[PDB]
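We begin with a single chain expressed as structure tokens, specifically the form deposited in one PDB entry.
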């Protein structure tokens, strides 16, 4: 076979969240409902590493963030927890799309939260999962 075999790129929708494998729907839905009632100005977020990414692991998965925090500021928060420089690449994906840095986390949540009331974000060193 004379071909360049393309086997190292992540195909759409292949992401799987450990958080959802380990905690069943009714228990996530329960907690997400409660936290959204108790803190209406904040959103609950799950962050895990995208398929095939080459990048440092994240220590913590679950974040409770102000609705008015921007995506650009959440990139800063995550960079710091993984000990990346500002010059090191980092991309987020929500429902397989790269969100704009100008959006707020509250806008992302309203448009994209799942039915357990959490917003799910994947991260990588490259953009390709979202293209």
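Numbering follows the first chain given and starts at 1. What we label the rigid core is the largest C-alpha set whose atoms superpose within 1.5 Å from one form to the other. Shifts are known only where both forms have a C-alpha.
What comes next is about the form deposited with a partner chain bound, which is not displayed.
By the criterion of a heavy atom within 4.5 Å, residue 49 is excluded from the residues contacting the partner chain in the deposited bound form. Interface residue remark: residue 56 is not counted as part of the site for the partner chain in the deposited bound form, having no heavy atom within 4.5 Å. Residue 54: CA moves less than 2 Å between this form and the one not shown after rigid-core fitting. Listed alone, 85-87 marks the only place where three or more consecutive residues have CA shifts of 2 Å or more between this form and the one not shown on superposition of the core.
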